[PDB]
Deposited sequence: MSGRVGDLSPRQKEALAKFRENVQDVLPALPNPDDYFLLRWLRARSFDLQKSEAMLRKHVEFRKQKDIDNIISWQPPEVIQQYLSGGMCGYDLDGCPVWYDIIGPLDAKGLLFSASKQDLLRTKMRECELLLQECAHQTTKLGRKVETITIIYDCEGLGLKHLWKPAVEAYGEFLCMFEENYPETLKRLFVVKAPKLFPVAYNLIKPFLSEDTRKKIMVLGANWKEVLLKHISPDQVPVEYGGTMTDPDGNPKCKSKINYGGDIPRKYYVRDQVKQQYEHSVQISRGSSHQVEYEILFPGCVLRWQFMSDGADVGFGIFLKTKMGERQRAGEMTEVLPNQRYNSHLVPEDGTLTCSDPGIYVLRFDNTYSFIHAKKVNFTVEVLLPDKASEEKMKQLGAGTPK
């Protein structure tokens, strides 16, 4: 069977009955704990009564701690309302709400420098509650249960800026929240206009995604508009995404419903940087240098780093290769001096040729002694299945 209302095996039927008894004591503090609702928790844990109960009880505690009953009435900070991209727009052919995610022009640095991480995550929880409320409205209007959503995930403009570690970590917090609190709610997700970086970028968040969620991700190729119109009526899709919908004023992007992000004006910043810790720490003597070595064997990889120096600037560059001088190696990112004592540095490098990469901190120009550099480096790998998907498409 399928474990859904109208299609339960004898054993799933019995488990649903037992489940309701087992969690009776939390059902009152839920808005609408019908059979559809309960079966989402049971499907998410394959009808394991004990695991499904832990999951739901954790969600009940979540709703209390995060004041979810009142979150739609909570108004997000102005900077977030103005610049957090994405939006609800249209319904698919089954009547499910469609949500657009717009990744390219999202300015995650600006957002984290202008608002609390807590307020950003609360805004995303609120989006989920708004989508569930829309499902409830569709349920009434269409005369049948609607409880899932279709996502259009627009990766046009996805680039190295989106790999910035604090942004990935924050997004991962949201994904975990989504997976723990909104099980069996995603129906299908279309990735559109994915660029070459998509396999690396996806691999960064893949660990936060449930198997159920992973299975619902469809990466689309050049014909993506035609694919969307297999699933959504043209008058429900913006002109921008292949349909006929516009803003009342005729704007093809339907900006009255979809936020397209943009860089946050610096007047909103409350900080210059987020709190950061580093995996490594070195004291570099006057006139000296420090090298850090990473083997990159596989095609498709990206080096990501962050560093800060204490009290003074430092030289930094990347070479391709035995304690070797810089001049003996091949330059891949030309050395330059950075003021990483003032604002911490972060960067990324696409590793087009395999070999041994050397990140070199350079103090050879300096009289200041015992310059302390703190740093973190990782080699980011592409997701293999995604690479293969790209290849064809």
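Enquirer: As a test: can you identify every run of the deposited sequence that has no C-alpha position in this structure, in order?
Expert: Model skips 322 to 325, 398 to 403 of the deposited chain.
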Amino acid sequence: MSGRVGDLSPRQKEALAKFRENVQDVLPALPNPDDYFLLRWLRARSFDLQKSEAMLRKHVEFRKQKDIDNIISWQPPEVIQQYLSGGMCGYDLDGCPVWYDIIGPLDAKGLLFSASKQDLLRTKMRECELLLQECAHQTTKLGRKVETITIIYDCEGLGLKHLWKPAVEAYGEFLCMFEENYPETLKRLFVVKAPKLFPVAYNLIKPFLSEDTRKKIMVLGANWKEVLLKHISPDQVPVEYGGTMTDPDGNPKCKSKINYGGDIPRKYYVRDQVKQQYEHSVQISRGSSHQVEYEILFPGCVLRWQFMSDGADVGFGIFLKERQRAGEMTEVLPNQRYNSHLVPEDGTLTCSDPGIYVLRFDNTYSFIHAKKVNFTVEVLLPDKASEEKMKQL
From here on, numbers count along this sequence of modelled residues.
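Enquirer: Higher mean Cα B-factor in the deposited model: 110 to 118 or 206 to 214?
Expert: Per the PDB entry, the higher value belongs to 206 to 214.
Enquirer: Between 244 to 252 and 70 to 78, point out the one with the higher average CA B-factor as the PDB entry records it.
Expert: Comparing averages over the C-alpha atoms only gives 244 to 252.
Enquirer: According to the deposited entry, which of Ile368, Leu39, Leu49, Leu56 has the largest Cα B-factor?
Expert: Most elevated C-alpha B-factor of the set, per the entry: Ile368.
Enquirer: Per the entry's Cα B factor values, which of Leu93, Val274, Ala167, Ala222 stands out as the maximum?
Expert: Spelled out: the listed residue with the top C-alpha B-factor is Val274.
Enquirer: Taking the C-alpha B-factors as the PDB entry records them, is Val60 in the lowest, middle or highest third of its chain?
Expert: Within its chain, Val60 is a middle-third residue by C-alpha B-factor, going by the deposited values.
Enquirer: Among the chain's modelled residues, which third holds the C-alpha B-factor of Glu156?
Expert: Its C-alpha B-factor belongs to the middle third of this chain's values.
Enquirer: Quick check on the deposited entry: does the C-alpha B-factor of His137 sit in the lowest, middle or highest third of its chain?
Expert: Lowest third - that is where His137 ends up once the chain's C-alpha B-factors are sorted.
Enquirer: Please say which third, lowest, middle or highest, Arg188 falls into when its CA temperature factor is compared across its chain.
Expert: Highest third - that is where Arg188 ends up once the chain's C-alpha B-factors are sorted.
Enquirer: Determine, from the deposited record, the chain-internal third of the Cα B-factor for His290: lowest, middle or highest.
Expert: Tercile = lowest for this residue's CA B-factor.
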